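**Student:** This one is an experimental structure. Sequence first:
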Amino acid sequence: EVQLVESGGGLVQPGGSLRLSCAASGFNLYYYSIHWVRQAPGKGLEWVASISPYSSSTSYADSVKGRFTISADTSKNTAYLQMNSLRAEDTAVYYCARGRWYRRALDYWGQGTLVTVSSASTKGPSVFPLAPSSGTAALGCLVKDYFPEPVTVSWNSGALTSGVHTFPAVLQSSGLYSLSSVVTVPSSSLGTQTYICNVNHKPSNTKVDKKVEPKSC
Amino acid sequence: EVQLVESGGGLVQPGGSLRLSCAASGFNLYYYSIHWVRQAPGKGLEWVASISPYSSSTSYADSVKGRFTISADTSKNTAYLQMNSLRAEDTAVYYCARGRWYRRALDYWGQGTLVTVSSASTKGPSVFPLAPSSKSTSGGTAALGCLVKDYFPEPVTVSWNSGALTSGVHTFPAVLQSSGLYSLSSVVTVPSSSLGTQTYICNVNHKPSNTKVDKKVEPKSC
Amino acid sequence: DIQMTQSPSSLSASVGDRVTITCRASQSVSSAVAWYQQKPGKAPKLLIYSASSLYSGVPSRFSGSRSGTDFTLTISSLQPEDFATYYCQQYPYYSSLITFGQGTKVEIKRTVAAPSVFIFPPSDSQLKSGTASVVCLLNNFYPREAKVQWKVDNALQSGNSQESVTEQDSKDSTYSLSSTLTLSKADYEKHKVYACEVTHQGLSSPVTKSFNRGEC
Amino acid sequence: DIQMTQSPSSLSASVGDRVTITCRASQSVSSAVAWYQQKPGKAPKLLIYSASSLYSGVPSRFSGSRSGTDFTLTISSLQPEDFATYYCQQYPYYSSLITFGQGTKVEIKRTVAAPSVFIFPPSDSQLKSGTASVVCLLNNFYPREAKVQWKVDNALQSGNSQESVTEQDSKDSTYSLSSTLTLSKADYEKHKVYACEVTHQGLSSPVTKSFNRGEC
Amino acid sequence: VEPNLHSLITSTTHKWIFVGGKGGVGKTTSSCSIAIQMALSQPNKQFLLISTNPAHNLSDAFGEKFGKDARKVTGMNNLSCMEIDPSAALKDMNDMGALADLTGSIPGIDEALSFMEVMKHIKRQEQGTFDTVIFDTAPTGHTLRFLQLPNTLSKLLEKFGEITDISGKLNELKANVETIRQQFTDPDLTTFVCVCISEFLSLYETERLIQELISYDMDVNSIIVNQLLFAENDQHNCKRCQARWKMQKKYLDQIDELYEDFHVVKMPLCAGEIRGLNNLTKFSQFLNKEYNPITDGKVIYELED
Amino acid sequence: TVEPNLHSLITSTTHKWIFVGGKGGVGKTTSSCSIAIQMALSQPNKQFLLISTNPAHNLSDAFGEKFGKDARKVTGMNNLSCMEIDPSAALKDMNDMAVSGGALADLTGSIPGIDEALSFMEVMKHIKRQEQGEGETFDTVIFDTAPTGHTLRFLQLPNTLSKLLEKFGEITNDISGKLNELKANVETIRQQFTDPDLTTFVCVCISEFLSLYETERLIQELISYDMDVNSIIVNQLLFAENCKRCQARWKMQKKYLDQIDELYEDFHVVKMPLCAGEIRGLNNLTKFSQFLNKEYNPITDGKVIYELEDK
Amino acid sequence: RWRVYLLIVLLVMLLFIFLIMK
Ligand SMILES: Nc1ncnc2c1ncn2[C@@H]1O[C@H](COP(=O)(O)OP(=O)(O)OP(=O)(O)O)[C@@H](O)[C@H]1O
Ligand SMILES: Nc1ncnc2c1ncn2[C@@H]1O[C@H](COP(=O)(O)OP(=O)(O)OP(=O)(O)O)[C@@H](O)[C@H]1O
Ligand SMILES: [Mg+2]
Ligand SMILES: [Mg+2]
Ligand SMILES: [Zn+2]
């Protein structure tokens, strides 16, 4: 019945502020310690702040010192992380976690809230075909230049699932994301079978379905 | 076995000083209150001072305040009464007594030490006969005695016939005269008919002056 | 200032009698009152504390009571060892001062006994020293209360006499009293008739003993 | 400054293997060390605290030990659900800082598998959009380590490509990888031959898939 | 005299209620309990429980963070707690720089800021925010220093003017201090509840404390005797408890004799932890209706965990 | 593992200033007496002073004899003295010497902070005399402190008088000579108080909830002062291993003791039993104090909780 | 600033004792 739930994650621009909340239930947060730990895309765990509501004491990682402020409202059984002067390198999943006065190990964690720091404007992807080349054949869809994450891709609206590889997005120099989704199918099916990739970018409310067929030559 | 023992009493002159001690045993006086209570000759009890070591407090009757100082040495389990600027009316038997932090009644008492304050000088008594009357009831009872006059300080002791005569003897309490000297009489009633053949001698002792006097008391001649 | 008014100053009672002594504080002291017994030459003994609590070792015939600022000590059945002087004491919480009552002397009651009276002239030896003491003796009488007056040539004396009284006799419970008239050798030899007159409730009328100076 | 040096960064293991993960503190932290397990998309889970105490509910095949500043997490017999990333954490009393190790990714060991390679020229659709992306696909290979190089008219490319790799396939435990060469449409039309050369331990010699611009 | 605090709990006159005693006897437990009882008994009035112990335990006792700003006890509509942090309180003072941080640690700063809270309250009460303030005080020693501030300041201000806008406000302070001095010495407005335990080291300090308070013309008519084993009533073993109760009962008789005019309120040693509103409320009930060891003996184990 | 006793402190030949502190009623006075007795007995050639900085003094009640502002030997000891300063009496003395104006004690004797000020002056005195002579001093001073809160104010005092004195000197515009010697003295106190070989703080606590959190706050604050703290006395333990109360309370005690043991693995955690008798007077204090030197064993030394004097 | 006066007066005194001292 012990839970931690983070909220407040979203998109902000460099130099901007963002306030995260960590709502506790099942225990009185006054008698415990609460800690913020973040995880940049593809990286390890980085502690950023601690608070002990029973003692007023706080501590911070040097990486966020003077920019982040951790606090707690015991009336609401909630802790907060006030982030100011944010930068791109602050982009991460932010977890809140519980420690005990006699044990600074983190036994309960929330499932995290995503924080993205970027000057990039929200934009939906363009979907281009990776047509089967003129045994086994490969084809797919290039989902290019969208922001922010995430994008979901399907094949034949769920019918085609086997052999499908949807790659993790890569952040381009432009600040936009791109990924490819591929599938391998029988070479004999190319003339008979129809393949459509269904791309959905909700944060822009874009929905594209794009058929991928061989070269007309 | 708790007890209190006073000491330090004596004779002093007006303006003089004297330190009394109250030695305690059987209990630690730090956790109790110690009190000095005095009693002038023939008078009642008068509380004069209190000390409660456990609370760093002392108190005094107005009659001694600023002249007397009560104190306690908790390493020696002894309390003290430093008496300065003494005067005649401070003449009394001084008792020390114990109280408790939760009960300021006095449950244990010492047997007291005597303090006498007087400008009078030490002097032995003059002993005069109280001769049996020439008119004594024939075959009845006669009275005779000794007048013990002008001595200081108390006490004198009086016996009759070296202690052989005790029945019918009345040795009165000493009275302090205007001179500052004490005086008393010792009398005895005896058969009238025996005055001719019985010998009656009063033996008077005043140790402070180391004087001893024997006085034969007989019918006056004429 | 504050007071503990104790009454009576003295009382006479017999063995087996029930005795009560009272004390009145000038203001409320709650129950912070104690009673003591004292015999001649001895230290006082604590009898009762907190107005009605019997101190350890004290016989149960002693008890005490409170009614507002009025406090009472009671001896249910007086025993021979109970004849003594008794004192009340207050120790109010709000004060650091301790106050005793003036004391109550409990003496043993007996039948009235008239004094035998004797007068003694000054000895020749004393007169040769320049002063004259005339002594009047009241022997074995009860009660203690008595009046003794000196007369020199029928002139009532005053200011020049001192009295002394014994404690109650252990055998017959009587008192004896001396009155000593002090005069200069000069003043003594001016006058002829010396008399002491005794009044006592055991005498139907006052008794006078006297002598004439220089007459045997 | 303060460090937790965790080793190895990754390791391949099989079900039933004994797995050992180590973490060296830069200075003594006494026993103040904890171990966590994290799976992709999920929060970390506490396994061990105080160096060797097994947290409640955690399977006993997990164990921790200390010797000085060296700390070890042991999995006695690795189970399918244990493939994950693991982190050490120090929390010494003298420091207000919490410091994590870099992590150890425990992946599924399998046999070497060569990548099947495919190349995709930029679509007419994208070129109408005004840019050109050509992607090289390495499908279902093992181990993860591979080198992909782009050759445009037999000229090596640098700084205009990006790679993406999937997590291990749940069925065959292989990886797949895409390399995407990004050029402007103008630059794309300044050359004929586009080829990605693939080096992998499963290949005797590097494989190259190519295409001529606009030859269908 | 009834062995409870019912007359205090239902009083309509008392403005300042001090709860004090030796270290660890149960000041915080008792002060929380008294505050709760008064608030439950008089919903029409607002109560503030201020801790003047620089090591505050009100937050620990209720399990929520209090501070220099009064905040309601959760579960109570008319009880609030205050725990002044001098460093925090001195920043606001300074704003209305380096000095304020210096002064934040000077011995006596806690008593000063606590006294200012009383002074500010007086200024509001005279003009047109709580009806009654309960003080959870520091242990004996420093609490006597605090209660002497009205006298201390009055004299300080008398000499400050002689050696000496500046003049005008000095007289206003002198006046406000005198207002506090008269109210603190009013038995109807101000009283000091003493907390103790039936042990030797406690009773000598406790008697010292009460006597000193009397000399300040501070009203003292209530004593809480805390952590009593009672025992026997348990039901008739345990050499530890048997021996410790015999000791406690020895001194309880001494307490009962000496303080015959006081409200002597006897509180039991509970087996559970007296923290949180529920447990504090259940404990506080025996300040109002005296605890019966023979009847209410079960409550000792009924505390929520 | 760090040994569960204070033997290292007791037999130390470097430590000059030993503070004994903690929450109210946990056993500071009992423990500070016990530590002082143990040090004095184990180091007979050193002179020890046990000073109470708690304005409500309990050293006199503890030993059952009257101490004061002038150090007196504990009766029966040749190298342990106690001191309990009375502010009003001390200020009277100051008024007299300053004259050689008469209303100093009446004015300052009750100002909050006065107790800490006079306590600190006593530290300054011994700091100076240990170097310059000219009067009595001691080798080691043990402080029986006031509860947590005001003790932190006292330990902040070297810093506070220091940071303060920086500015005041110029404001005055031999008064400046006093400032320098006062500054120099306070600086010396700051060096020594932050020297782990010279100064340490022994925390006292009980195994109950409200003590746990205050104790942790205290230790954290002391560390922030650069005050050495490596010893914790856990007092009044039942070691109940019938009676529903004792078993219930011991269950609670043991729960928190496990937590204490986990967090404070770097500390000497000294476990002391709850005794049935009264721990007062030199004899009982001495017997209790032995378990600070060699750890108490409930099975072996169990009978001693009942073998304290009752006189 | 009435709060500031009260600190100052208590500041001078607690500075003032150390100046007199021996
Ligand atoms: N009747 C009781 N029964 C059981 N436990 C109690 C009782 N009274 C107090 N306690 C507990 O004993 C400890 C001491 O109580 P408390 O904190 O209230 O005393 P205190 O006077 O406020 O201490 P301090 O001087 O530090 O301010 C607390 O942990 C408290 O929970
Ligand atoms: N181990 C023990 N066993 C039994 N009784 C104890 C024990 N330790 C302390 N006591 C008693 O408990 C009470 C509190 O002890 P103590 O006075 O020493 O604590 P304190 O920290 O000094 O209190 P304060 O904060 O007021 O100064 C005392 O009466 C003491 O006699
Ligand atoms: Mg408290
Ligand atoms: Mg103490
Ligand atoms: Zn028990």
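**Tutor:** That came through fine. Numbering: from 1, shown residues only, chains lettered A, B, ... in the order given. Ligands and ions are numbered 1, 2, ... in the order given.

**Student:** State the distance from the residue in chain A that ligand 3 sits nearest to to residue F:262.
**Tutor:** Distances between chain A and ligand 3 by CB to the ion are smallest at residue A:54, namely 15.4 Å. C-beta here means a position set from N, CA and C on the backbone, and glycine is covered the same way. Distance from residue A:54 to residue F:262, counting by CB to CB, to the nearest Å: 17 Å.

**Student:** These two: which has the busier surroundings?
**Tutor:** residue A:54 (24 against 16; other CB atoms under 10 Å in any protein chain shown).

**Student:** Helices of chain C, residue ranges please.
**Tutor:** C:124-127, C:185-188 (DSSP state H).

**Student:** In the first one, which of the residues would be classed as buried?
**Tutor:** Of the residues in helix C:124-127, C:126, C:127 count as buried by neighbour count, 16 or more other CB atoms under 10 Å in any protein chain shown.

**Student:** Which strands or helices does that helix pack on?
**Tutor:** Applying 3 or more CB pairs under 8 Å, 6 or more residues apart in numbering or on different chains; DSSP states H and E, we find helix C:124-127 packed against strand B:126-130.

**Student:** what about the strand it packs on and chain C, touching?
**Tutor:** Yes. Shown here: strand B:126-130 in contact with chain C (CB under 8 Å from any CB of the partner chain) through B:126, B:128, B:129, B:130.

**Student:** Run through the neighbouring helices and strands of that strand.
**Tutor:** strand B:141-151, strand B:211-216, helix C:124-127.

**Student:** Take those and lay them out in JSON lines including distance to residue C:45.
**Tutor:** Output for these, formatted as JSON lines (distance: least, CB to CB, whole Å):
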{"stretch": "strand B:141-151", "distance to residue C:45": "33"}
{"stretch": "strand B:211-216", "distance to residue C:45": "37"}
{"stretch": "helix C:124-127", "distance to residue C:45": "44"}
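
**Student:** The residue of chain C found nearest chain F and residue E:261, how far apart?
**Tutor:** When scored by CB to the nearest CB, chain C has residue C:96 as its residue closest to chain F, at 18.0 Å. Computed as CB to CB, the residue C:96 to residue E:261 distance reads 17 Å.

**Student:** Which residue is the nearest non-sequential neighbour of the residue of chain A closest to ligand 3?
**Tutor:** residue F:213 (5.3 Å; CB to CB, 6 or more residues apart in numbering or on different chains).

**Student:** sec struct for the one you found, please.
**Tutor:** helix (DSSP: H, G, I helix; E, B strand; the rest coil).

**Student:** Next, count neighbours for the closest residue to chain G within chain C.
**Tutor:** Nearest residue of chain C to chain G, counting by CB to the nearest CB: residue C:96, 31.0 Å away. Residue C:96 is flanked by 15 other residues according to other CB under 10 Å.

**Student:** quick revisit: in this structure the residue nearest to residue A:54 contacts residue E:63, no?
**Tutor:** No. In this structure, residue F:213 is not within contact of residue E:63 by CB atoms under 8 Å, at 10.5 Å.

**Student:** what do these two both touch?
**Tutor:** residue A:31 (CB atoms under 8 Å, 6 or more residues apart in numbering or on different chains).

**Student:** Count the neighbours of residue 21 for me.
**Tutor:** Because you didn't say which chain, this covers chain A. 17.

**Student:** wait, I meant chain G there
**Tutor:** What residue G:21 shows, counting by other CB under 10 Å, is a neighbour count of 16.

**Student:** Tell me who's in contact with the residue nearest to it when sequence neighbours are not counted.
**Tutor:** Counting by CB to CB, 6+ apart, the nearest residue to residue G:21 once its immediate chain neighbours are dropped is residue F:121, at 5.9 Å. Residue F:121 is in contact with G:17, G:18, G:21, counting by CB under 8 Å, 6+ apart.

**Student:** part of a strand, is residue F:121?
**Tutor:** No. Under three-state DSSP, residue F:121 falls outside any strand and is assigned helix.

**Student:** Can you give me the distance of it to residue C:69?
**Tutor:** 51 Å.

**Student:** among the helices and strands packed on strand B:126-130, which is nearest residue C:105?
**Tutor:** Among the helices and strands packed on strand B:126-130, strand B:141-151 comes nearest to residue C:105, with 26.7 Å by CB to CB.

**Student:** Name the strands paired with the closest one and say parallel or antiparallel.
**Tutor:** strand B:126-130 (antiparallel), strand B:182-191 (antiparallel) (DSSP bridges).

**Student:** is it true that the residue of chain A closest to ligand 3 touches residue A:28?
**Tutor:** No. Shown here, residue A:54 and residue A:28 do not form a contact pair, counting by CB under 8 Å, at 10.0 Å.

**Student:** how far out from the middle of the chain is stretch G:11-21?
**Tutor:** 7 Å (CA atoms, centre = their mean, to the nearest Å).

**Student:** So which bits of that stretch are buried?
**Tutor:** G:11, G:13, G:14, G:15, G:17, G:18, G:21.

**Student:** mind listing which of these are in strands?
**Tutor:** Of the buried residues of stretch G:11-21, none are assigned to strands by DSSP state E.

**Student:** Quick check: bridge partners of the residue positioned nearest the centre of chain A?
**Tutor:** Per CA atoms, centre = their mean, the C-alpha nearest to the average position across chain A is that of residue A:114, at 5.3 Å. Under the criterion DSSP bridges, residue A:114 forms beta bridges with residue A:93.
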